[PDB]
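1. Sequence below, structure please.
(one chain, ligands or ions: 1)
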Amino acid sequence: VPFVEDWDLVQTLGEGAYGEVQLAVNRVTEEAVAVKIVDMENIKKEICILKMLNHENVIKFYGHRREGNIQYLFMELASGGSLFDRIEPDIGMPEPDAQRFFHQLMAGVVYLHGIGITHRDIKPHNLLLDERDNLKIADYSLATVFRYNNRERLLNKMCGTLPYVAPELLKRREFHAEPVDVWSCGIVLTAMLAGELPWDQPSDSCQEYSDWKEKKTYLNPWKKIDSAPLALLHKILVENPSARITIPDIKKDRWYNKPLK
Ligand SMILES: Cc1cccc(-c2cc(Nc3ccn(C)n3)nc3[nH]cc(C#N)c23)c1
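-> Residues are numbered from 1 along each chain as shown. There you are, the coordinates:
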């Protein structure tokens with residue numbers, strides 16, 4: 001059919017880590033997608049990981065086109081925007097909405113980890129919503145392979161966003177990839193339930209992080225959180241990554257399995 005390969009760039013959806021994201025509409029079909037435009041090693045890695053992704057809670061990759069210097073990465077659009085924009089400052093969101101998003105985030109993260117990929121920058125800006133409020137993990141710029149031929153490799157590069165980063169990445173030379181992603185899902189959950197981040201970074205000099213280690217849950221944000229989701233947070237936000245809860249065990253948690261509105 002003539003013209004089915006042409007896309008109109010309609011509006012900017014934002015600037016991400018590397019380059020702008022635009023809404024693109026097919027001239028023939030009217031299909032609406034997102035395109036990441038990059039004016040170009042790093043991005044050969046991203047494309048490679050992006051082509052692996054096939055899951056309902058992960059942004060799908062439709063292909064790429066190079067036009068001289070510029071690369072165009074075509075991806076599933078999430079017409080509902082970001083989870084960041086559903087979180088009300090100082091309030092968060094209703095507990096049942098947060099639970100459903102949490103279930104969907106774990107499903108995506110289980111998937112990634114099962115194909116041996118770690119995302120490394122989980123936060124509400126990178127968690128996108130489709131038309132039915134289904135959550136999708138987006139942005140694979142920092143993602144990397146942590147398991148290959150059934151052998152794990154330890155990570156050593158420090159990246160992410162400080163309020164979301166696990167404390168081992170500030171303290172240790174090398175660390176396991178999976179508990180880092182788990183930890184960040186815990187900060188996300190805290191943000192959904194309280195509408196605020198518990199600390200600037202999880203270090204020994206941050207008084208809010210010390211308070212948490214001393215169990216001062218009569219302070220904010222913890223005071224705003226019901227005891228059941230808080231008991232789960234107590235198992236996620238554990239400083240020793242070897243003692244931190246894993247995802248199979250999160251799936252057995254009582255709040256995780258609680259029926260809610
Ligand atoms: C990480 C990031 C940064 C900027 C834009 C996007 C982004 C925003 C979006 N939908 C919408 C709908 C409405 N707004 C504002 N945004 N859909 C997407 N699908 C893949 C994306 C990617 N990367 C992406 C993602």
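2. Alongside the ligand, which residues does the stretch 51-200 of the chain contribute?
-> 59, 75, 76, 77, 78, 79, 81, 126, 128, 138, 139 (C-beta under 6 Å from any ligand atom). In this view, the C-beta of every residue, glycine as well, is placed from N, C-alpha and C.
3. how does it look with 5 Å?
-> Counting by C-beta under 5 Å from any ligand atom, the positions of the stretch 51-200 of the chain adjacent to the ligand are 59, 75, 77, 78, 81, 138, 139.
4. mind giving me the domain split of the protein?
-> Using curated CATH domains, the domains assigned to the chain come out as 1-88, 89-261.
5. among those, which is the most enclosed?
-> Stretch with highest mean neighbour count among the domains of the chain: domain 89-261 (a mean of 17; mean count of other C-beta atoms under 10 Å).
6. sorry, back to before: which ones among the residues of the stretch 51-200 of the chain next to the ligand are found in strands?
-> Among these, the ones falling in strands (DSSP state E) are residue 75.
7. Just give me the closest of the residues of the stretch 51-200 of the chain next to the ligand to residue 28.
-> Of all these, residue 28 sits closest to residue 77, with 16.9 Å by C-beta to C-beta.
8. Quick check: beta-bridge partners of the nearest residue to that closest one once chain neighbours are set aside?
-> Leaving aside its sequence neighbours, residue 77 sits nearest to residue 34 (C-beta to C-beta, 6 or more residues apart in numbering; 4.5 Å). On the basis of DSSP bridges, residue 34 is bridged to residue 23, residue 75.
9. list the contacts for residue 34?
-> Counting by C-beta atoms under 8 Å, 6 or more residues apart in numbering, residue 34 makes contact with 13, 21, 22, 23, 24, 74, 75, 76, 77, 78.
10. circling back: and the residues of the stretch 51-200 of the chain next to the ligand as a markdown table, adding distance to residue 187?
-> Output for these, formatted as a markdown table (distance: C-beta to C-beta, whole Å):
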| residue | distance to residue 187 |
| --- | --- |
| 59 | 21 |
| 75 | 25 |
| 77 | 26 |
| 78 | 21 |
| 81 | 20 |
| 138 | 17 |
| 139 | 16 |
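11. quick one, longest helix in this protein?
-> Using DSSP state H, we find that the single longest helix of the chain is helix 95-114.
12. what residues does that one touch?
-> Counting by C-beta under 8 Å, 6+ apart, 55-58, 83, 86, 92, 118-119, 122, 127, 133-137, 143, 178, 181-182, 185, 188-189, 192-193, 226, 229, 247, 250-251, 255-256, 258, 260-261 sit against helix 95-114.
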